[PDB]
Each structure stands twice: as C-alpha cells, then as structure tokens.
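Have a look at the structure below before the remarks.
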Amino acid sequence: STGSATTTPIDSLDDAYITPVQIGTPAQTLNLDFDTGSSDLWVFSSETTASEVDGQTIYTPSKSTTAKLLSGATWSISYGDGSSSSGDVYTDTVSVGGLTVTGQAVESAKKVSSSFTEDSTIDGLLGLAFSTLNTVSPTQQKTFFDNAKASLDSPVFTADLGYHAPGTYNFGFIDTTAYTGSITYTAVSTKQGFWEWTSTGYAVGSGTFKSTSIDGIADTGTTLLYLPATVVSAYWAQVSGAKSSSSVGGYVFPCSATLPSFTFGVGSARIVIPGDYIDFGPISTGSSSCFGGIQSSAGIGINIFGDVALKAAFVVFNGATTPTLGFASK
Numbered sequence: 070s071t072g073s074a075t076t077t078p079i080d081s082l083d084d085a086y087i088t089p090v091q092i093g094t095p096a097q098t099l100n101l102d103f104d105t106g107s108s109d110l111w112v113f114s115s116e117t118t119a120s121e122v123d124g125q126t127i128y129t130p131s132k133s134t135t136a137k138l139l140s141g142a143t144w145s146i147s148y149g150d151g152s153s154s155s156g157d158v159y160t161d162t163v164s165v166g167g168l169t170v171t172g173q174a175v176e177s178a179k180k181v182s183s184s185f186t187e188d189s190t191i192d193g194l195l196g197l198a199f200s201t202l203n204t205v206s207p208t209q210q211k212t213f214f215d216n217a218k219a220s221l222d223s224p225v226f227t228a229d230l231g232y233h234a235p236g237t238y239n240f241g242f243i244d245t246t247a248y249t250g251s252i253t254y255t256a257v258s259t260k261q262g263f264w265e266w267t268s269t270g271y272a273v274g275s276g277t278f279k280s281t282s283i284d285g286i287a288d289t290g291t292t293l294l295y296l297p298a299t300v301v302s303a304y305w306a307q308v309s310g311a312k313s314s315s316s317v318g319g320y321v322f323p324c325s326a327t328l329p330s331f332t333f334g335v336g337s338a339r340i341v342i343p344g345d346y347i348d349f350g351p352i353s354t355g356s357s358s359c360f361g362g363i364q365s366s367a368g369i370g371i372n373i374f375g376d377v378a379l380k381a382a383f384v385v386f387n388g389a390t391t392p393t394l395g396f397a398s399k
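Read in order, the letters of the sequence shown are residues 70 to 399 in mature numbering (1 follows the signal peptide of the UniProt record, and there is no 0).
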C-alpha cells in the first residue's frame with residue numbers, strides 16, 4: 070500500500086504545516102501537524118477542557134463505531150518550545166492520503182497549553198519519530214508509520230515541504246518526479262529516538278564550504294534551523310545590522326536586508342537554503358526588525374534541522390531495519 074497527502078502552511082511565514090487525517094468511522098477529518106521530532110498522535114477532542122478549545126476541529130470518539138478506549142492508558146508530553154498536552158487514549162482507524170491503519174493509538178487531549186489553544190489551525194500532532202519516544206503509559210504505543218510499515222510497498226515516508234506553498238507527505242514510495250538530481254543517503258542514530266544524523270559542514274552565501282561534523286535531528290515539527298553558536302555567528306556576520314537580541318530571544322536583522330543563502334552538507338552533496346527562506350518577518354507587527362530563521366542551539370542541547378532546512382529539500386525517512394535519511398535538491 071501507499072498514501073499521499075498534501076501538506077499546507079498554516080500562515081504566511083510557514084510557521085508549521087497541516088495535513089488532513091481521517092480518524093474513526095464515519096471519518097472525522099482533522100488537520101494535524103506531522104512531526105518527525107515526536108512520536109505521539111494526539112488530537113483536540115470532545116474531552117478537551119472547553120476553555121482550552123478555540124476554533125480547532127475536535128475528535129469525538131463516542132461518534133466513531135470503531136473507537137475503543139485503551140483502558141488505563143494516559144499520555145503527557147512537553148515540547149522543546151515549552152508547550153504541552155495530556156489526556157487518555159483510544160484506538161481507532163486512521164487514514165492518511167488513502168493509507169489506512171486499524172488499531173492506531175489516538176491520544177485524546179484532556180488538557181493543552183496556551184500555545185495550542187491559540188493556534189486554531191492545528192487540530193493535533195501526528196508524530197513520526199521513533200516509537201521509543203511515545204509517551205503513552207503504562208504500555209508505550211506505536212506511531213502511525215510504525216503501524217503502517219509492514220503494509221507499505223517500501224518502508225519509507227517522504228517530506229516535501231513547500232516555501233509559501235503546499236507540499237506533500239508520501240508513505241510507502243519515492244516520487245522520482247518530485248526532486249532533481251539524485252538522493253544522498255546518510256546514516257541515522259536512533260539512540261535518542263530521533264531521526265538523528267551528521268551533516269558534513271556548511272557554507273554562507275557564496276563563501277567556501279567548511280568541512281565540520283554537525284550532529285542534529287531532522288524535525289518537521291520545528292520551524293527554524295538551530296545550529297552551533299560558531300556556525301550561526303558566521304552566518305549573521307554576513308548581514309549588515311544583524312545582532313543577537315536577548316530581549317527578543319535570538320538573532321534579528323534589518324527587514325530591509327537581502328539575506329545570503331546557507332548551504333549544509335549531506336555526505337559529499339550540498340543542500341542550499343535560499344536567503345529568503347531565512348526571513349521570518351517583523352518581530353512584532355509593523356516593526357522594521359526581522360527575526361532570523363537560523364538560530365543558536367547552544368541552549369537546546371541538540372542541533373535541529375527544522376522546516377527552514379527541510380523545505381529546501383526532498384527528504385526521505387527510510388524506516389528499513391537500519392534506518393537512514395535521504396536528501397535531494399528540488
């Protein structure tokens with residue numbers, strides 16, 4: 070089997086992407102944030118505290134003839150941005166782009182933090198990291214991809230995120246019309262539960278490539294590109310007026326600037342992020358100070374290849390017995 074679904078930016082900055090997902094019988098369609106950096110499929114629901122729902126579409130398990138309470142199971146998750154959610158668990162039928170999994174754990178939110186409430190466009194998350202990070206207790210649950218894997222034509226999914234435009238998540242096949250050149254594959258460590266790999270270096274604009282190993286994660290659920298302080302300083306030093314602002318919480322630059330591109334290495338190959346992709350717009354409405362799309366990871370503890378980086382490529386998440394990542398230009 071295969072699946073194919075369109076993924077759409079939630080706003081004009083590409084802050085996140087939503088993909089429609091069918092849950093239950095009859096289908097309830099919710100728009101979920103596919104997140105290769107976490108491993109829980111959780112949804113706003115009829116159980117979510119009413120004051121914490123503001124415009125989201127909810128899953129109502131009592132209206133699904135295939136929903137079953139997973140007795141005793143609870144979940145609770147906290148993300149790198151300080152947001153969180155928690156609740157109980159049902160199993161139900163879940164379909165993405167024509168690919169159907171029965172018995173998928175659907176984590177029903179009883180509580181969500183303010184940032185989720187405030188984002189009416191995101192009805193929940195669909196985690197695509199390794200199932201060892203799933204938070205369900207006392208019996209850890211499998212991701213949608215893990216449950217679908219055996220049925221797929223090939224044990225893979227691909228992320229093709231758009232710049233200010235729709236893109237695609239495919240399951241079970243490589244669309245060879247969706248990229249240019251060849252796909253370069255690179256080793257993955259699953260030891261932290263992430264799609265964790267080592268970039269071979271970087272360049273700023275037309276500058277020379279610096280060979281240096283950068284360990285990080287491919288994370289569709291993170292907006293920006295977080296890299297070591299040395300790398301980020303070298304980038305922003307090429308932008309007149311750019312500075313790190315403790316009050317704003319990162320590098321900012323004049324909105325009148327034209328930004329240089331940023332290149333990262335995948336083996337001997339190179340992925341170029343156009344400068345425009347690094348502009349995240351005014352820090353506040355109407356400001357002439359703009360927020361940078363490349364930020365320091367020094368306070369995180371891990372480097373993060375988020376959407377800024379991934380949307381410059383066609384990305385293969387290869388869930389074979391030994392997992393690997395593939396990157397192609399597009």
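Note that CB positions come from ideal geometry on N, CA and C, so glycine has one too.
| Item | Value |
| --- | --- |
| Quick one: what's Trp266 bridged to in DSSP? | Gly285 |
| In angstroms with no decimal places, state the Cα-to-Cα distance between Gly250 and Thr134. | 47 Å |
| Can we say the region 179-192 touches the region 225-239, given the rule of at least three CB pairs closer than 8 Å? | no |
| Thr88 bridges to which residues according to DSSP? | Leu101 |
| Can you pull the DSSP bridge partners for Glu176? | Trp111, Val158 |
| Confirm, please, whether the CB-CB distance from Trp305 to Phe278 is below 9 Å. | no |
| Counting C-beta neighbours from all protein chains within 10 Å, is the total for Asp80 16 or more, i.e. buried, or is it exposed? | exposed |
| Specify, as a first and last residue, the run of the beta strand (DSSP E) that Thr186 falls within. | Where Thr186 is concerned, there is no enclosing beta strand (DSSP E), although the alpha helix (DSSP H) it sits in stretches over 183-186. |
| Does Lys380 pass the burial test, meaning 16 or more other C-beta atoms within 10 Å, or should it be called exposed? | buried |
| Taking the C-alpha atoms as reference points, what is the distance between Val300 and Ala389? | 32 Å |
| Can you find at least 3 beta carbon pairs, one from the region 346-365 and one from the region 195-202, that sit closer than 8 Å? | no |
| Which residues share a DSSP beta bridge with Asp348? | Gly361 |
| For a test of the three-state rule: what should DSSP assign to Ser337, helix, strand or coil? | coil |
| Measure the CB-CB distance between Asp376 and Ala85 and report whether it falls below 9 Å. | yes |
| Report yes if the CB atom of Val112 is closer than 9 Å to the CB atom of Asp229, and no otherwise. | no |
| Under the assumption that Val181 contacts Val163 (Cβ atoms under 8 Å), give the Cβ distance between them as a whole number of angstroms. | At roughly 20 Å, the Cβ-Cβ gap does not stay under 8 Å, so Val181 and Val163 are not in contact. |
| On the three-pair Cβ rule with 8 Å, is the region 136-147 touching the region 206-225? | yes |
| If the criterion is Cβ atoms closer than 9 Å, does the pair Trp264 and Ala247 meet it? | no |
| Quick check: what's the CA-CA separation for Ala272 versus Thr332? | 5 Å |
| With distances taken from CA atoms, which of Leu101, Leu394, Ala382, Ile373 is nearest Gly149? | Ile373 |
| So for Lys218, helix, strand or coil by DSSP? | helix |
| Taking the alpha-carbon positions, what's the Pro329 to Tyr295 distance? | 17 Å |
| Considering Cα atoms alone, identify which of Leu293, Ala326, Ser309, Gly336 is closest to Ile283. | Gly336 |
| Can you round the beta-carbon distance between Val90 and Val165 to whole angstroms, since I take them to be within the 8 Å contact cut? | 6 Å |
| If you follow the beta strand (DSSP E) that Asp229 is part of, which residue opens it and which one closes it? | 225-229 |
| To the nearest angstrom, how far is the alpha carbon of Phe213 from that of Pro224? | 12 Å |
| So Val301 is in the alpha helix (DSSP H); what residue range does that whole segment cover? | 298-305 |
| Check for me: the beta strand (DSSP E) holding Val122 runs from which residue to which? | Neither: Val122 is in no beta strand (DSSP E) and is coded neither H nor E. |
| Which residue comes first and which comes last in the alpha helix (DSSP H) that contains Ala397? | It is not in any alpha helix (DSSP H) - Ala397 instead sits in the beta strand (DSSP E) that spans 393-397. |
| Would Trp266 and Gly290 be called neighbours here (beta carbons separated by less than 9 Å)? | no |
| Give me the Cα-Cα distance between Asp244 and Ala219, rounded to the nearest whole angstrom. | 19 Å |
| Grouping DSSP H, G and I as helix and E and B as strand, with all else coil, what is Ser131? | helix |
| Could you spell out the range, first to last residue, of the alpha helix (DSSP H) harbouring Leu379? | 376-379 |
| Within a Cβ cutoff of 7 Å, which residues of the same chain sit near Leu139, ignoring the five residues on either side of it in sequence? | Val158, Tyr159, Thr160, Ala174 |
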